[PDB]
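A short worksheet on the structure shown next.
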Amino acid sequence: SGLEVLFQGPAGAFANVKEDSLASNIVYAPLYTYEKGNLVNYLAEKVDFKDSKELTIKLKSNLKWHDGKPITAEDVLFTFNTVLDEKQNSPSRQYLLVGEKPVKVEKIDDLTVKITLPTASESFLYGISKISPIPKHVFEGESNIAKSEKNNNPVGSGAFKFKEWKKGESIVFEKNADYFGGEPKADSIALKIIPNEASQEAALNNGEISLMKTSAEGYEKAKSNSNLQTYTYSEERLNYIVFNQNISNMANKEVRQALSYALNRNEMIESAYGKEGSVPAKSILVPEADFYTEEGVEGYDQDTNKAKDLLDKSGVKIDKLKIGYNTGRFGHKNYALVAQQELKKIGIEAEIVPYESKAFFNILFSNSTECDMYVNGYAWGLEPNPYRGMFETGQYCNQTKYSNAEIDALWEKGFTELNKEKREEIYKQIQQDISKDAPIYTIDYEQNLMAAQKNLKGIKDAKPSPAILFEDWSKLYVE
Numbered sequence: 378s379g380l381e382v383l384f385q386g387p388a389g390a391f392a393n394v395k396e397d398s399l400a401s402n403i404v405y406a407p408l409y410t411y412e413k414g415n416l417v418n419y420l421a422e423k424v425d426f427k428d429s430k431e432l433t434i435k436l437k438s439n440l441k442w443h444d445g446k447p448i449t450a451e452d453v454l455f456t457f458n459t460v461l462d463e464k465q466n467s468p469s470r471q472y473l474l475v476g477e478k479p480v481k482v483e484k485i486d487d488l489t490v491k492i493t494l495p496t497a498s499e500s501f502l503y504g505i506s507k508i509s510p511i512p513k514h515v516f517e518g519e520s521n522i523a524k525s526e527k528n529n530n531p532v533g534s535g536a537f538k539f540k541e542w543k544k545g546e547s548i549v550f551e552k553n554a555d556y557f558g559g560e561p562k563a564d565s566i567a568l569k570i571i572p573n574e575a576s577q578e579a580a581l582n583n584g585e586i587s588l589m590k591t592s593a594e595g596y597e598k599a600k601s602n603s604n605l606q607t608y609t610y611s612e613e614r615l616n617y618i619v620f621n622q623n624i625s626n627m628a629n630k631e632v633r634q635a636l637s638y639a640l641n642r643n644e645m646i647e648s649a650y651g652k653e654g655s656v657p658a659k660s661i662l663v664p665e666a667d668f669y670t671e672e673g674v675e676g677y678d679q680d681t682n683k684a685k686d687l688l689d690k691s692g693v694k695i696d697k698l699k700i701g702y703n704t705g706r707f708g709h710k711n712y713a714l715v716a717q718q719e720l721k722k723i724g725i726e727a728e729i730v731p732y733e734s735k736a737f738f739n740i741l742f743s744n745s746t747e748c749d750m751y752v753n754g755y756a757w758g759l760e761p762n763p764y765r766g767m768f769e770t771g772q773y774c775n776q777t778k779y780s781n782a783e784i785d786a787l788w789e790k791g792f793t794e795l796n797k798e799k800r801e802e803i804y805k806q807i808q809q810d811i812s813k814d815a816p817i818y819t820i821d822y823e824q825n826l827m828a829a830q831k832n833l834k835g836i837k838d839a840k841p842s843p844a845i846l847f848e849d850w851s852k853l854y855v856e
C-alpha cells in the first residue's frame with residue numbers, strides 16, 4: 378500500500394527537498410490553499426482578512442514538526458520574516474510586499490500571527506497561501522535557507538516524512554503517524570527517477586509506478602490500455618508569442634494584429650498535443666485565475682486574407698522575421714515551426730532561433746532586437762495583479778515594450794479596488810483592451826497529460842495541481 382511516482386526534473390532535486398516544489402509540498406503543509414476566492418485550511422484553524430488590510434492566521438493546536446517540536450506562531454513569524462529578508466533572496470518575497478513596501482508581521486499569541494498591509498488590497502490572500510511554514514528551530518542560524526546543510530534530512534509538517542534517499546534514483550517518504558488531518562491512505566510515497574522513456578512506459582505498463590506525466594504519443598497509447606486510466610489538469614500556464622516592440626515593425630499595432638490573423642493556435646496546439654489538443658487561449662489570464670473571461674476578448678481567429686489586407690494597410694513591408702524559443706520548454710519548438718509555416722503563406726520567411734533556457738530569459742528580459750518574436754510561457758497564479766509584469770509600461774518582464782497608459786491605469790485601479798464585483802469589471806476590461814492591442818499571440822492554457830494504474834484511487838480528492846502534482850497526498854491510495 379505505497380505510491381511510486383515517476384519524478385521528472387533535476388537529478389539532485391531530491392538532495393534538497395525544499396528546493397523542489399513537488400517534494401517540498403509532500404513534506405511541508407501550507408497554512409491554507411486558495412481556489413476562486415475559497416480557502417481550505419491545512420495548518421491554519423482560522424484565517425480572517427479584516428478590511429482587506431489585516432490578515433489574522435491561527436494555527437491548529439498540537440501541530441508537530443516531523444522531529445516532535447511544536448508548530449507555533451514563532452515558526453509562522455520566522456517564515457514570513459525570512460521571506461521578507463532581502464539577503465535570503467526568497468522568490469516568495471513579492472507576496473509579502475504591497476506595492477514595493479513590506480507588510481508588517483507580528484505574534485498575537487502562542488498559535489496566532491497578524492499581517493498588516495501598508496495599503497489595503499484584496500489581491501493579498503492568494504499569495505500568502507503559497508508560503509508554507511519552515512521550522513525556526515532548524516533554520517534560525519542560516520544565511521541561506523535555500524542552500525543550507527539543514528535541508529539534508531528535511532524536517533516537515535506534512536502527511537509524509539523523509540525515510541531514505543539514493544542519489545539520483547529514489548526518495549521515499551513514509552506516512553506521518555502524527556499528521557494533523559486524517560491518517561494518510563498510502564503508507565509511503567516513492568519518487569523514482571527513470572531517464573530511459575521506454576523504461577518509464579514499461580514501468581507504467583508493468584505497474585512499477587502508480588502515475589506519470591506522458592507525451593501526446595504516450596497519452597493516446599495509455600488510453601488504449603485496459604489497466605491504465607488517463608486524466609489531464611491545467612498547468613495554470615499561458616503559452617504565447619510576444620512581439621518584440623524594441624523593433625519598429627512589431628511596435629506597430631496594425632502589424633501585430635495582422636501577424637495574429639496569419640497565425641493558428643489550433644494548428645500549433647495539434648502539433649504539440651496531437652488530437653487530444655489543449656485549451657486554446659485568447660485571454661492574458663488562465664481559466665483558473667480570479668476574474669478570467671473570454672467575453673469581448675479578441676483572438677484574431679485565423680484569416681490569411683484579413684492578415685495581408687492589414688499588412689498592406691499598415692504600409693510596413695516584411696519579407697523576413699526571427700522567432701526565438703527556449704529549447705527547455707514543452708511545445709515551444711513546435712509552436713515556432715508552425716508559426717514559420719503560417720507566416721510563409723502571407724509572404725514572410727521566419728527564421729527559427731533556438732536558445733538554451735538561461736540565454737533565452739537573458740535575451741527576453743532585455744531591450745535586445747535579436748528576435749522579432751519570442752515564444753514564451755508564464756504562470757503568475759490565481760490573482761490577476763502580478764500578470765501586470767508582462768503588460769505594464771516599464772515592468773522588467775515587459776522589456777518587449779508593450780505600452781498602453783490607460784491599461785497601465787486599470788492595473789493600478791484593479792489593485793486598489795476593494796469591491797469584488799468592481800475588481801471583476803476592471804480585470805474584464807484589462808483582458809478585452811489588452812487583446813485589442815495584440816502585444817502577444819496567445820496559444821494555449823498548458824495541460825498536463827497523465828497516465829496511472831486503474832487501481833490509483835483518491836486522485837480527485839488529492840486535487841491535481843501545477844508543479845506540486847497534488848495538493849493533498851494524504852488522499853491517494855492503490856486499491
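The sequence shown begins at 378 in this note's numbering and counts up by one. In this text, a Cβ means the ideal position worked out from N, Cα and C, and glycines have one as well.
Note on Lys544: under 16 other CB atoms within 10 angstroms of its CB, so exposed under the neighbour-count rule. When DSSP reads this structure, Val632 sits in no beta bridge, so it has no partner. In this structure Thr819 is buried. Its beta-carbon is surrounded by 16 or more other beta-carbon atoms within 10 angstroms.
Counting the other Cβ atoms within 10 Å of the Cβ of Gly559 gives fewer than 16, which makes it exposed. Judged by beta-carbon spacing, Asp452 lies beyond the 7 Å limit of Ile646, meaning their Cβ atoms are not closer than that value. Boundaries of the beta strand (DSSP E) harbouring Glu431: 431–436, taken from the DSSP string. By the criterion of a C-beta distance shorter than 7 Å, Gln385 is surrounded in its chain by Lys590, once the five residues flanking it on both sides are discounted. For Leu687, no beta strand (DSSP E) run applies; the uninterrupted alpha helix (DSSP H) run containing it begins and ends at 681–691, by DSSP.
The DSSP-derived three-state label of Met827 is strand. Contact between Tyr638 and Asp680 holds, since their C-beta atoms are separated by about 5 Å, short of 8 Å. In the structure shown, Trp542 falls within a strand segment according to DSSP collapsed to helix, strand and coil. Taking C-alpha positions only, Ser525 is separated from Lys507 by approximately 21 Å. In terms of Cα proximity to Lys721, the closest of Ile548, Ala684, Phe620 is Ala684. Inter-segment contact for the region 444–459 and the region 702–722 is absent: fewer than three beta-carbon pairs are separated by less than 8 Å. Under the criterion of beta carbons closer than 8 Å, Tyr503 and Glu665 do not qualify as touching, at roughly 11 Å. In the three-state reduction of the DSSP assignment, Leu615 falls in the strand class. With a cut-off of 8 Å on Cβ pairs, the region 641–657 is not in contact with the region 775–794, counting fewer than three such pairs.
Here DSSP, grouped into helix, strand and coil, assigns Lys423 to strand. Annotated as proximal: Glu675 and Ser812, with beta-carbon spacing under 7 Å. Taking C-beta atoms as the reference points, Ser509 and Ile448 fail to come closer than 7 Å. For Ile485, the uninterrupted beta strand (DSSP E) run begins and ends at 481–486, by DSSP.
Here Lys423 has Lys435 as same chain residues with Cβ atoms under 6 Å from its own Cβ, once five neighbours each way along the sequence are excluded.
Per DSSP, reduced to three states, the secondary structure at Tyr669 is coil, with no helix or strand assignment. DSSP places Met750 inside the beta strand (DSSP E), whose first and last residues are 750–755. In the displayed model, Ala567 falls within a strand according to three-state DSSP. In the three-state reduction of the DSSP assignment, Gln776 falls in the coil class, being assigned neither a helical nor a strand state. A Cβ-Cβ distance of about 5 Å is found for the pair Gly754 and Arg614, placing them in contact under the 8 Å criterion. Just measuring C-alpha positions, the residue of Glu477, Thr493, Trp442, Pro531 sitting nearest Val394 is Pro531.
The secondary-structure analysis by DSSP pairs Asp821 across a beta bridge with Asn616, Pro657. Where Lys697 is concerned, the enclosing beta strand (DSSP E) starts and stops at 697–703. Leaving aside the five residues that flank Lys805 on each side, the residues in its chain whose CB is nearer than 6 Å to its CB run, in chain order, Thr670.
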